[PDB]
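Novice: Take a look at this one; I'll ask things after.
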Amino acid sequence: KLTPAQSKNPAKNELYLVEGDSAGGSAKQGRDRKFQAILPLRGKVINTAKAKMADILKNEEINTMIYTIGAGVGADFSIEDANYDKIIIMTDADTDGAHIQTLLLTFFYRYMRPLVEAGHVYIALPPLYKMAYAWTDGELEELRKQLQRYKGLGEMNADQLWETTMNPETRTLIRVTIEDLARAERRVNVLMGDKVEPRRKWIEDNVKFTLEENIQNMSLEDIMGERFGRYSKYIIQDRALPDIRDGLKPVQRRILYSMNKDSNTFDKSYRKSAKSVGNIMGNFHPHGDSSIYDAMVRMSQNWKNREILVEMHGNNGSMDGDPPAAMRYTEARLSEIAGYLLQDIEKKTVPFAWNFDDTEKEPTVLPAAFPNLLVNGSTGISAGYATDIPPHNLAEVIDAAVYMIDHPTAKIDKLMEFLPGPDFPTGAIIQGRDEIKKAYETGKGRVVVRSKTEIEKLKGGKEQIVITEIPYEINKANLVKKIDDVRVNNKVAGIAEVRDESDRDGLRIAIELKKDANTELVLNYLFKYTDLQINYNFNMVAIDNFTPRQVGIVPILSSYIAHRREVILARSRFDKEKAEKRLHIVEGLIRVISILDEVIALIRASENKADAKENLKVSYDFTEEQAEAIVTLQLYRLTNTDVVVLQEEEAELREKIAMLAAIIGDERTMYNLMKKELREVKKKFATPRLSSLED
Amino acid sequence: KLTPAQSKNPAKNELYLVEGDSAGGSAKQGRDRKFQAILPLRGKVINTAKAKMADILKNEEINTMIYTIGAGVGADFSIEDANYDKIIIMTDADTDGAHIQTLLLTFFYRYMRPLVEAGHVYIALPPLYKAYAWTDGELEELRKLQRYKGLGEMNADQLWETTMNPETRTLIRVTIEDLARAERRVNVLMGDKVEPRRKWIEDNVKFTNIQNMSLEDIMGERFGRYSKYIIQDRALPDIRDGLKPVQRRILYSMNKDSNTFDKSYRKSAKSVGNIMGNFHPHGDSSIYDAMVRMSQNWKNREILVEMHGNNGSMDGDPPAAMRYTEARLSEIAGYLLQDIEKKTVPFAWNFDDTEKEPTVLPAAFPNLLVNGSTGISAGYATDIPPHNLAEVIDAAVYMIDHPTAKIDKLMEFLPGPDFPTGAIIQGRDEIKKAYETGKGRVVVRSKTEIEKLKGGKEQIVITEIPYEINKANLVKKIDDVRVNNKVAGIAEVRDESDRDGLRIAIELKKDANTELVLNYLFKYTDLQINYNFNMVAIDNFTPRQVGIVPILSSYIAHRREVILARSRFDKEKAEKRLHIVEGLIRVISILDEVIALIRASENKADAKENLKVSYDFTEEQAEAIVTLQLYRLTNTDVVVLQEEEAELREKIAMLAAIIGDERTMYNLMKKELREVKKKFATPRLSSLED
DNA sequence: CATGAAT
DNA sequence: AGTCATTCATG
DNA sequence: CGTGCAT
DNA sequence: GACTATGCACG
Ligand SMILES: N[C@@H]1[C@H]2CN(c3nc4c(cc3F)c(=O)c(C(=O)O)cn4-c3ccc(F)cc3F)C[C@@H]12
Ligand SMILES: N[C@@H]1[C@H]2CN(c3nc4c(cc3F)c(=O)c(C(=O)O)cn4-c3ccc(F)cc3F)C[C@@H]12
Ligand SMILES: [Mg+2]
Ligand SMILES: [Mg+2]
Ligand SMILES: [Mg+2]
Ligand SMILES: [Mg+2]
């Protein structure tokens, strides 16, 4: 993987540690083979503060580093036998680039202090903008007086990378200096160590979620602080955790908003996946195609989502975990229900933002015509926080929300008469009313999920245990192996043979027992020692007001209602303004009919368009907007001189405006709309429970 | 790789040989695990009739079959020690699937005859449309409509009912009707000798519950199908615009998406996806690789695609994946598409029948020669070097004025190939032979230069190398000479190429015959190679070995078609307008009566009918008149309109003349060809020697 | 052995 | 996101 | 261990 | 077109 320099020289030769092969390539070319070596880093580097020193020695990335640098590692580290005088870390100028600098620095610290303490560890700062060339937004505006936003290294040409960051005379480097051995140790541990509590706290103290954001020296304590801070913030807000209102992670939201913009919906032909992904990756989500597709695939799997938001034709995976077809084979499109998440988006009902390009606005949250967060759930791993929200029956969640709208201050006990608990797509049995309450109240709670079973008598006095429903998030294939392993190992007596018998229209696992076999002894052992029964831990974290918040039912349902409120208000203002303008025009038209000839005469007498309008104003007191409409009518309209039809539209419009004003100017009338609409969604999408409950 | 059947049973168990892992998945899903096993084939099976039985034994796909079959191979083959009653071959219902069925059949014939002779080899017949239909006629019956482009697009539940269910599926049972009449066909289609195949293709291929089929007949409808496709719609360029179908789609799609040289770069993945979705129904990787190649200036004399980012190097290291790179058409590429919006070129339906695509581009310049092509199908192949834009055009221009121009004269304008990697081309005679018959072997030699050093030691400095030669591999093979001391003299080998220059230095030892060495490297490394012309293209839907003349005539013919087409289009436009403008000028003469007649009309339709009947306006005019906006009624100036009426009449005159006068037309075609030359002309890179 | 659209 | 093997014609 | 967006 | 390792929190 190493691309050596032509000659050796432990005094001039540099070692660029590049993020990714493709960038490691553009570097191999742009470099100067005389003294600049290249060593690509494929993937995120192993955290040498958490992983066991055993898994560390086995990591190819690390071992090949301790070698090429050539000076051993840790205690047996002689700074004299090194091969490079400068180790330059070069990553994308993105958040994941920051994460890498972090993971790396904690390594050159722990197992190569000497190297960093000597100021031999630098950090290449690639340019962010290119008009022109500038690093800070400030240097930007200056070049505009005298832009290709670089989202990564793979975007720039070789002769581009050399001139801007690779040329020792034209580049800028943040030389890592250890200014305080003590204040640097505590800084690294808090961020990279095992303990999670401290790290979570440190983020809560330093990271401001509510607000925004030639070689120069910089402390490790300060460097590790700045970098990990960024990666922290970004991963928390814009990656791992769902928005409390629409229950979507940014990637899922873009997949939907994109597919919808491209008219790729349930009422229309399937569109090839590779085409959907590509448009998403080029307009909204600047990340690996594979991730985008994987995300899109999951939204389509009915054994992971209680209400799939994407319909996909072809091999889209299975409960056995076997891989789905690549994006070149599959077709896809939004499910009908997903359409309800996007309802009214064209009506200015949601806060939009700019995309990485700055070429197109994207929604920060979707209108959500139903409480997606609870219905489909989420999960759920970031930095300092994590989330596991289970799926819920669409109807129940709605019955709850509708209640809470009439009773703002409802307690959990009353809500649970509507929302008894989770409803897994995979069905099965949920035990633990108490812990459910605890979860619905605090966000955390441990429940038990047990497989749905049944006994079948067989010839020869033999019995047979049959499993027809398994626990959420459990791999059928592996479960079957683990059970068969019980038999093979004889950890419990009486298992004759295991057999996955499920087919395209039914799940079925037959655990055939032996002649004289205690089928109760077996069924119990399996529940306890395999995943026929498991623990599900509610850990409901979500993003509220830009910050990660551990939340229960109340905060969720209220944040939703809140949101729906803003949306319906906005929607109603939009539709009113439209009806006002149209009402205005229709009013003018009805006048025009009574003076048709005069108006034609008056336009004939006019010199041009503008003059016609002034005459229409001065002579008949029409408004600008009314004159503009009259003057631009096509001649044939003079054949449709029918006032009663117009008067019907006038009336229909006044009424529409009345009802919209009522919504806008009265909170109760608005809340009734929410209820009316929520019930409609309920009637149209309602479906029976799949998971039964037990206490 | 195998997914086995629950219970072992030689009497009922079926073994599905599926094309691809993806389809292999959908199969495991919609299958009946009781007795149906699955075995994916990852890539084209190895031709067990062309390759050595040595490399044939070291084949994973082949081994796991001999193992999964469980009857061994060759002569040590017991049909009683098998594992399946039926061995089903299940591929896509496309051309490449057909080719796969062909490869697996020559294996089961050459190394498991008894299995085939026992009618145990079948072939699944997936549906082609969807009620489901296999025949284009069985659809019309269901008319009283999706098109499967592969197994992937089929949900596992549909797969079962239509092609996997023994009680609902259709199977072609392979049977050897004549062992002697079938030995020839397999030997000819899959043999090592080309000539017999080429001919077979010529003679037969016309470029224009279960059922038994012979091995002879089954190997025909299949290889015949694949041959025709890989020839017309894959490996070989159209003789006119010099593009293969993939490249044409890449350009056309990108162009339709407005992803051009004068606009911001678009993400590669976004383009590729749009291509694969609307036009080219194949791998996104291939499509990308093609797009990338069209952007590499050491492989194209005139790049058609500009691509920001790591698109590769002469060292041949991989380009950034399409997730990283952005791209757009080059300005010259624009000229390949020039006038495409003016119905100047034959369109057809895409695979999806949802959108039309062009079958050839207008080609405002002779791409086929300028950029070349290459070049491997079935029974045919192609190698066409790139040429100097200016030179090719000079020839075309001359041949326009002198249709029957001899090649000797044409070579005063088009002296020979002009590789973008420069270097030295040797063989005036062979160059002619090539321009004359389409074949010819020329020599390409690296641009060398000696540099004396300090100590009586010289040094060889290469500045240019042979087209299609990997710089990194060359430098290795040269250094291998030094390491092996095949010839004495070489001191060290240094690739000293930088971002702005190509330089390989071969330092020599003191008192070392630097002639002997340079000669050895020319012979035993790619410092010097033979380039073989094999100019094959597609003319009138068929492959044709051609020379400089047919190529240039085919071009000129085409340009004629385009220019004629383009002119009819612009003329029809000017006409329709001029026609409308006549009515408007008239209307003004009778404005009040016309408003009156509209005011008296019952509706739009009635108003037009009144205009025609009472004032003799035409439909087109009544529509224009009746959809005027009221404010028009303010105007009464006829002069401005008359000026437009004049301008249009002149444009129609000139355009008509181009269509009625062959000379006026050719003049035009020359005029433009020259503008292109003046705009994109560049100096020679390769030097010529005899 | 490479080449370049394919699986 | 690189890597691995095969087709086809050709010298 | 294995989850799901990232590299 | 599958395979291969990492981060991050959590039982
Ligand atoms: N020593 C470690 C190399 C890198 N490995 C994997 N890389 C994957 C992936 C999977 C890997 F095992 C991906 O799945 C992926 C993607 O975009 O989906 C990108 N990559 C990926 C590949 C290269 C790279 F530089 C960065 C990446 F994120 C494993 C061994
Ligand atoms: N025994 C041989 C399998 C197939 N291998 C490769 N496959 C590639 C590719 C490269 C391979 F080495 C590709 O490059 C590719 C593509 O679309 O670009 C598709 N494929 C590809 C992979 C799997 C498959 F089923 C069909 C394919 F075309 C290697 C081992
Ligand atoms: Mg990046
Ligand atoms: Mg991946
Ligand atoms: Mg196919
Ligand atoms: Mg490939």
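Residues are referred to by chain and number: the chain letter is A, B, ... according to the order shown in the structure tokens, the number counts from 1 in that chain, and ligands are numbered separately from 1 in the order shown.
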Could the residues that lie within 7 Å of ligand 2, counting only C-alpha atoms (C1' of nucleotides) and all ligand atoms, be listed as a count of residues only?

Specialist: 17

Novice: Name the residues in contact with residue 7 (chain D) at a cut-off of 8 Å, using only C-alpha atoms (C1' of nucleotides), excluding same-chain residues fewer than 5 positions from it; report them as a VMD selection string.

Specialist: (chain B and resid 44 46) or (chain C and resid 6)

Novice: As a list in words, please: every protein or nucleic acid residue near ligand 5 (cut-off 6 Å, counting only C-alpha atoms (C1' of nucleotides) and all ligand atoms).

Specialist: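 Going residue by residue within 6 Å of ligand 5, we get residues 92, 94, 97 and 150 of chain B.
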
Novice: For the selection you just gave me, I'd like the residues written to a file as a compact mmCIF listing (two decimals), in the first residue's frame, keeping C-alpha atoms.

Specialist:
# COMPACT_ATOMS: atom_id res chain seq x y z
CA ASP B 92 -31.22 -13.78 -17.73
CA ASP B 94 -30.86 -11.35 -22.39
CA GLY B 97 -27.39 -14.94 -20.66
CA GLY B 150 -33.18 -9.66 -16.14

Novice: Could you give me the residues within 7 Å of ligand 3, counting only C-alpha atoms (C1' of nucleotides) and all ligand atoms, as number ranges by chain?

Specialist: A: 92, 94, 96-97, 152

Novice: Considering only alpha helix (DSSP H) as DSSP defines it on the backbone, what residues of region 457-628 of chain A qualify? List them as a short mmCIF file (atom, residue, chain, number, x, y, z; two decimals) with N, CA and C atoms, in the first residue's frame.

Specialist:
data_model
loop_
_atom_site.label_atom_id
_atom_site.label_comp_id
_atom_site.auth_asym_id
_atom_site.auth_seq_id
_atom_site.Cartn_x
_atom_site.Cartn_y
_atom_site.Cartn_z
N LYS A 476 -32.85 -14.85 11.39
CA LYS A 476 -33.44 -16.19 11.37
C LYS A 476 -32.39 -17.27 11.13
N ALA A 477 -31.53 -17.05 10.14
CA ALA A 477 -30.51 -18.02 9.78
C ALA A 477 -29.60 -18.35 10.96
N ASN A 478 -29.12 -17.32 11.65
CA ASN A 478 -28.21 -17.53 12.77
C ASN A 478 -28.91 -18.16 13.96
N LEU A 479 -30.17 -17.78 14.16
CA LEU A 479 -30.97 -18.38 15.22
C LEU A 479 -31.06 -19.88 14.99
N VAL A 480 -31.41 -20.28 13.77
CA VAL A 480 -31.50 -21.69 13.44
C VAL A 480 -30.18 -22.44 13.69
N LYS A 481 -29.06 -21.82 13.33
CA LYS A 481 -27.76 -22.43 13.58
C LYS A 481 -27.51 -22.58 15.08
N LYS A 482 -27.79 -21.52 15.82
CA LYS A 482 -27.56 -21.51 17.26
C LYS A 482 -28.40 -22.57 17.97
N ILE A 483 -29.62 -22.78 17.49
CA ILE A 483 -30.48 -23.84 18.02
C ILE A 483 -29.91 -25.21 17.68
N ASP A 484 -29.56 -25.41 16.41
CA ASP A 484 -28.96 -26.67 15.99
C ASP A 484 -27.67 -26.93 16.76
N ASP A 485 -26.96 -25.86 17.11
CA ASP A 485 -25.74 -26.01 17.90
C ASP A 485 -26.07 -26.59 19.27
N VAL A 486 -27.22 -26.21 19.82
CA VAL A 486 -27.70 -26.79 21.06
C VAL A 486 -27.84 -28.30 20.92
N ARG A 487 -28.47 -28.73 19.83
CA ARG A 487 -28.62 -30.16 19.56
C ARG A 487 -27.27 -30.83 19.39
N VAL A 488 -26.48 -30.32 18.46
CA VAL A 488 -25.17 -30.88 18.16
C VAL A 488 -24.31 -31.03 19.41
N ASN A 489 -24.37 -30.03 20.29
CA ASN A 489 -23.59 -30.05 21.51
C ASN A 489 -24.27 -30.82 22.64
N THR A 519 -40.47 -32.17 26.29
CA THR A 519 -40.51 -31.02 25.39
C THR A 519 -40.57 -29.68 26.14
N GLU A 520 -40.98 -29.73 27.40
CA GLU A 520 -40.97 -28.53 28.24
C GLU A 520 -39.55 -28.16 28.66
N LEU A 521 -38.75 -29.16 29.00
CA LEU A 521 -37.36 -28.94 29.37
C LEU A 521 -36.61 -28.27 28.22
N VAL A 522 -36.92 -28.70 27.00
CA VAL A 522 -36.26 -28.20 25.80
C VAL A 522 -36.68 -26.77 25.49
N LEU A 523 -37.99 -26.56 25.38
CA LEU A 523 -38.52 -25.25 25.02
C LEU A 523 -37.99 -24.17 25.95
N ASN A 524 -37.87 -24.51 27.24
CA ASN A 524 -37.35 -23.56 28.22
C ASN A 524 -35.87 -23.25 27.99
N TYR A 525 -35.07 -24.30 27.86
CA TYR A 525 -33.64 -24.13 27.65
C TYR A 525 -33.36 -23.24 26.46
N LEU A 526 -34.11 -23.45 25.38
CA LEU A 526 -33.90 -22.67 24.17
C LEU A 526 -34.22 -21.20 24.41
N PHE A 527 -35.34 -20.93 25.06
CA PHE A 527 -35.73 -19.57 25.39
C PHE A 527 -34.61 -18.86 26.15
N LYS A 528 -33.97 -19.59 27.06
CA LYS A 528 -32.96 -18.99 27.93
C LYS A 528 -31.59 -18.86 27.28
N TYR A 529 -31.18 -19.87 26.52
CA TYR A 529 -29.81 -19.93 26.02
C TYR A 529 -29.63 -19.66 24.52
N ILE A 553 -42.72 9.03 25.92
CA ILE A 553 -43.91 9.23 25.11
C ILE A 553 -44.37 10.68 25.06
N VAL A 554 -44.52 11.31 26.23
CA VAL A 554 -45.05 12.67 26.28
C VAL A 554 -44.28 13.66 25.41
N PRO A 555 -42.97 13.81 25.65
CA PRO A 555 -42.13 14.69 24.84
C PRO A 555 -42.24 14.40 23.34
N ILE A 556 -42.31 13.12 22.98
CA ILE A 556 -42.46 12.74 21.58
C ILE A 556 -43.80 13.22 21.03
N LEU A 557 -44.89 12.71 21.59
CA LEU A 557 -46.23 13.07 21.12
C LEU A 557 -46.49 14.58 21.12
N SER A 558 -45.89 15.30 22.06
CA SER A 558 -46.12 16.74 22.13
C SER A 558 -45.30 17.45 21.06
N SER A 559 -44.04 17.06 20.91
CA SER A 559 -43.19 17.62 19.86
C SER A 559 -43.82 17.41 18.48
N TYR A 560 -44.50 16.28 18.32
CA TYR A 560 -45.18 15.97 17.07
C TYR A 560 -46.36 16.90 16.85
N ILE A 561 -47.24 16.94 17.84
CA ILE A 561 -48.41 17.81 17.80
C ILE A 561 -47.98 19.24 17.56
N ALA A 562 -46.93 19.66 18.26
CA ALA A 562 -46.37 20.99 18.11
C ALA A 562 -46.08 21.23 16.65
N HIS A 563 -45.28 20.32 16.09
CA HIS A 563 -44.88 20.35 14.69
C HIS A 563 -46.08 20.40 13.75
N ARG A 564 -46.99 19.43 13.90
CA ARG A 564 -48.20 19.40 13.09
C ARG A 564 -48.93 20.73 13.17
N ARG A 565 -48.85 21.39 14.32
CA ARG A 565 -49.49 22.68 14.51
C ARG A 565 -48.88 23.70 13.56
N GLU A 566 -47.57 23.88 13.65
CA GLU A 566 -46.84 24.80 12.79
C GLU A 566 -47.16 24.52 11.32
N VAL A 567 -47.15 23.25 10.96
CA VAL A 567 -47.38 22.82 9.58
C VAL A 567 -48.78 23.19 9.07
N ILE A 568 -49.81 22.82 9.82
CA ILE A 568 -51.19 23.15 9.44
C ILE A 568 -51.41 24.67 9.38
N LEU A 569 -50.81 25.39 10.31
CA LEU A 569 -50.90 26.84 10.27
C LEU A 569 -50.29 27.36 8.97
N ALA A 570 -49.02 27.01 8.74
CA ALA A 570 -48.33 27.41 7.52
C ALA A 570 -49.11 27.01 6.28
N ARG A 571 -49.51 25.74 6.21
CA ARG A 571 -50.27 25.26 5.08
C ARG A 571 -51.46 26.17 4.83
N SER A 572 -52.22 26.45 5.88
CA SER A 572 -53.45 27.24 5.76
C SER A 572 -53.20 28.67 5.30
N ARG A 573 -52.09 29.26 5.73
CA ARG A 573 -51.74 30.61 5.30
C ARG A 573 -51.44 30.62 3.80
N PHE A 574 -50.74 29.59 3.34
CA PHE A 574 -50.39 29.45 1.93
C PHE A 574 -51.65 29.40 1.07
N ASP A 575 -52.55 28.49 1.42
CA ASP A 575 -53.77 28.28 0.64
C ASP A 575 -54.69 29.50 0.67
N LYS A 576 -54.69 30.22 1.79
CA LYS A 576 -55.52 31.40 1.90
C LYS A 576 -55.03 32.45 0.92
N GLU A 577 -53.74 32.76 0.99
CA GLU A 577 -53.16 33.79 0.14
C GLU A 577 -53.43 33.51 -1.34
N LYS A 578 -53.38 32.24 -1.71
CA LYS A 578 -53.66 31.82 -3.07
C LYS A 578 -55.11 32.12 -3.45
N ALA A 579 -56.03 31.81 -2.54
CA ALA A 579 -57.45 32.03 -2.77
C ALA A 579 -57.81 33.52 -2.77
N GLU A 580 -57.10 34.30 -1.97
CA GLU A 580 -57.29 35.75 -1.96
C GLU A 580 -56.97 36.33 -3.33
N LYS A 581 -55.77 36.03 -3.82
CA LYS A 581 -55.32 36.53 -5.11
C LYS A 581 -56.30 36.14 -6.22
N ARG A 582 -56.67 34.87 -6.25
CA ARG A 582 -57.63 34.39 -7.23
C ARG A 582 -58.99 35.05 -7.07
N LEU A 583 -59.45 35.17 -5.83
CA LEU A 583 -60.71 35.85 -5.53
C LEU A 583 -60.67 37.25 -6.12
N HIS A 584 -59.54 37.93 -5.93
CA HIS A 584 -59.33 39.28 -6.44
C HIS A 584 -59.52 39.32 -7.95
N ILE A 585 -58.86 38.42 -8.66
CA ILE A 585 -58.95 38.37 -10.11
C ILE A 585 -60.38 38.08 -10.56
N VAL A 586 -60.99 37.08 -9.94
CA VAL A 586 -62.36 36.72 -10.28
C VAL A 586 -63.31 37.90 -10.07
N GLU A 587 -63.03 38.72 -9.06
CA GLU A 587 -63.86 39.90 -8.81
C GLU A 587 -63.77 40.86 -9.99
N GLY A 588 -62.55 41.12 -10.45
CA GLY A 588 -62.34 41.98 -11.60
C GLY A 588 -63.04 41.45 -12.85
N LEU A 589 -62.86 40.16 -13.12
CA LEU A 589 -63.47 39.52 -14.28
C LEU A 589 -64.99 39.70 -14.34
N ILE A 590 -65.66 39.52 -13.21
CA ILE A 590 -67.11 39.68 -13.15
C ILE A 590 -67.53 41.11 -13.50
N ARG A 591 -66.72 42.09 -13.12
CA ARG A 591 -66.96 43.47 -13.53
C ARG A 591 -66.76 43.62 -15.03
N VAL A 592 -65.69 43.02 -15.54
CA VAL A 592 -65.34 43.16 -16.95
C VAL A 592 -66.48 42.75 -17.86
N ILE A 593 -67.15 41.66 -17.51
CA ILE A 593 -68.23 41.13 -18.34
C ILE A 593 -69.32 42.17 -18.61
N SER A 594 -69.66 42.97 -17.61
CA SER A 594 -70.72 43.97 -17.78
C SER A 594 -70.26 45.12 -18.67
N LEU A 596 -67.73 44.60 -21.19
CA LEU A 596 -66.88 43.91 -22.17
C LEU A 596 -66.51 44.79 -23.36
N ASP A 597 -67.52 45.29 -24.06
CA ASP A 597 -67.30 46.11 -25.24
C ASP A 597 -66.48 47.35 -24.91
N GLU A 598 -66.86 48.06 -23.85
CA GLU A 598 -66.14 49.25 -23.43
C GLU A 598 -64.66 48.94 -23.18
N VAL A 599 -64.40 47.79 -22.57
CA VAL A 599 -63.03 47.41 -22.25
C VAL A 599 -62.24 47.07 -23.51
N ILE A 600 -62.88 46.37 -24.43
CA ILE A 600 -62.26 46.07 -25.72
C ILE A 600 -61.98 47.39 -26.44
N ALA A 601 -62.99 48.24 -26.49
CA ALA A 601 -62.84 49.57 -27.07
C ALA A 601 -61.67 50.30 -26.43
N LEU A 602 -61.58 50.22 -25.11
CA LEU A 602 -60.57 50.94 -24.35
C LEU A 602 -59.17 50.39 -24.60
N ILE A 603 -59.07 49.09 -24.82
CA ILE A 603 -57.78 48.49 -25.13
C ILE A 603 -57.36 48.82 -26.57
N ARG A 604 -58.31 48.75 -27.49
CA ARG A 604 -58.05 49.14 -28.87
C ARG A 604 -57.48 50.55 -28.93
N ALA A 605 -58.04 51.44 -28.11
CA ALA A 605 -57.63 52.83 -28.10
C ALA A 605 -56.25 53.03 -27.46
N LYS A 609 -49.32 47.68 -24.15
CA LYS A 609 -49.79 46.95 -22.98
C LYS A 609 -49.85 47.83 -21.73
N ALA A 610 -48.72 48.45 -21.37
CA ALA A 610 -48.67 49.31 -20.20
C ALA A 610 -49.77 50.36 -20.23
N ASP A 611 -49.89 51.06 -21.36
CA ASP A 611 -50.89 52.10 -21.51
C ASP A 611 -52.30 51.56 -21.29
N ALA A 612 -52.54 50.35 -21.77
CA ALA A 612 -53.85 49.72 -21.60
C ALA A 612 -54.19 49.57 -20.12
N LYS A 613 -53.21 49.15 -19.33
CA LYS A 613 -53.41 48.95 -17.90
C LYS A 613 -53.72 50.25 -17.18
N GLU A 614 -52.96 51.30 -17.47
CA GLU A 614 -53.22 52.60 -16.86
C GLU A 614 -54.64 53.04 -17.19
N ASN A 615 -55.05 52.87 -18.44
CA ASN A 615 -56.41 53.21 -18.83
C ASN A 615 -57.44 52.38 -18.07
N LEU A 616 -57.19 51.08 -17.94
CA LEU A 616 -58.08 50.20 -17.20
C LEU A 616 -58.19 50.64 -15.75
N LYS A 617 -57.09 51.13 -15.20
CA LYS A 617 -57.08 51.61 -13.82
C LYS A 617 -57.85 52.92 -13.71
N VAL A 618 -57.36 53.93 -14.42
CA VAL A 618 -57.93 55.27 -14.35
C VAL A 618 -59.42 55.32 -14.69
N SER A 619 -59.83 54.55 -15.70
CA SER A 619 -61.19 54.64 -16.23
C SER A 619 -62.21 53.78 -15.49
N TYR A 620 -61.77 52.65 -14.95
CA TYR A 620 -62.71 51.72 -14.32
C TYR A 620 -62.29 51.27 -12.92
N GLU A 624 -53.90 47.04 -10.31
CA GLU A 624 -52.78 46.54 -11.10
C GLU A 624 -52.94 45.05 -11.41
N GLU A 625 -53.11 44.25 -10.37
CA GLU A 625 -53.21 42.80 -10.54
C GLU A 625 -54.42 42.40 -11.39
N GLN A 626 -55.49 43.19 -11.29
CA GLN A 626 -56.70 42.91 -12.06
C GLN A 626 -56.51 43.31 -13.52
N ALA A 627 -55.90 44.47 -13.74
CA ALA A 627 -55.63 44.94 -15.09
C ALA A 627 -54.71 43.97 -15.80
N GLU A 628 -53.64 43.57 -15.11
CA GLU A 628 -52.69 42.62 -15.66
C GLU A 628 -53.37 41.34 -16.14
#

Novice: Select, as a ChimeraX atom specification, those residues of chain F with any atom no more than 6 Å from chain A (distances computed using only C-alpha atoms (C1' of nucleotides)).

Specialist: /F:6,8-9

Novice: Could you save the residues just selected, with C-alpha atoms (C1' of nucleotides), as a compact mmCIF listing (two decimals), in the first residue's frame?

Specialist:
# COMPACT_ATOMS: atom_id res chain seq x y z
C1' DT F 6 -12.65 0.16 11.42
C1' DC F 8 -19.74 5.06 17.85
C1' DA F 9 -23.01 3.27 22.61

Novice: Quick one: distance from CA of residue 545 (chain A) to CA of residue 244 (chain A) in Å, one decimal?

Specialist: 9.0 Å

Novice: Please extract the residues of region 438-635 of chain A with a backbone DSSP assignment of strand (DSSP E or B) and present them as a count of residues only.

Specialist: 46

Novice: Name each residue within 10 Å of ligand 4, counting only C-alpha atoms (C1' of nucleotides) and all ligand atoms, as an NGL selection string.

Specialist: (:A and (288-294)) or (:D and (1)) or (:E and (5-7)) or (:F and (4))

Novice: With C-alpha atoms (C1' of nucleotides) kept, could you save the residues just selected as an mmCIF file, in the first residue's frame?

Specialist:
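This is the output file out.cif:
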data_model
loop_
_atom_site.group_PDB
_atom_site.id
_atom_site.type_symbol
_atom_site.label_atom_id
_atom_site.label_comp_id
_atom_site.auth_asym_id
_atom_site.auth_seq_id
_atom_site.Cartn_x
_atom_site.Cartn_y
_atom_site.Cartn_z
ATOM 1 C CA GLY A 288 -20.777 7.006 -0.256
ATOM 2 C CA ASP A 289 -23.294 5.659 -2.742
ATOM 3 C CA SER A 290 -23.338 2.337 -0.865
ATOM 4 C CA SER A 291 -24.478 3.911 2.410
ATOM 5 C CA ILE A 292 -27.289 5.751 0.624
ATOM 6 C CA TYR A 293 -28.435 2.537 -1.067
ATOM 7 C CA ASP A 294 -28.188 0.474 2.120
ATOM 8 C "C1'" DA D 1 -13.510 1.217 -2.517
ATOM 9 C "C1'" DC E 5 -24.739 5.132 9.026
ATOM 10 C "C1'" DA E 6 -20.019 6.512 8.112
ATOM 11 C "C1'" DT E 7 -14.944 5.898 6.228
ATOM 12 C "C1'" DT F 4 -12.907 -7.296 3.848
#

Novice: For residue 574 (chain B), find every residue with an atom within 8 Å (counting only C-alpha atoms (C1' of nucleotides)), except residues of its own chain fewer than 2 positions away, and show them as a list in words.

Specialist: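 Residues near the query, excluding close chain neighbours: residues 570, 571, 572, 576, 577, 578, 648, 651 and 652 of chain B.
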
Novice: Please provide as a list in words all residues within 10 Å of residue 666 (chain B), with the sequence filter that same-chain residues fewer than 3 positions apart are discarded (counting only C-alpha atoms (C1' of nucleotides)).

Specialist: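 These residues fall inside the cut-off: residues 397, 400, 401, 556, 559, 560, 563, 658, 661, 662, 663, 669, 670, 671 and 672 of chain B.
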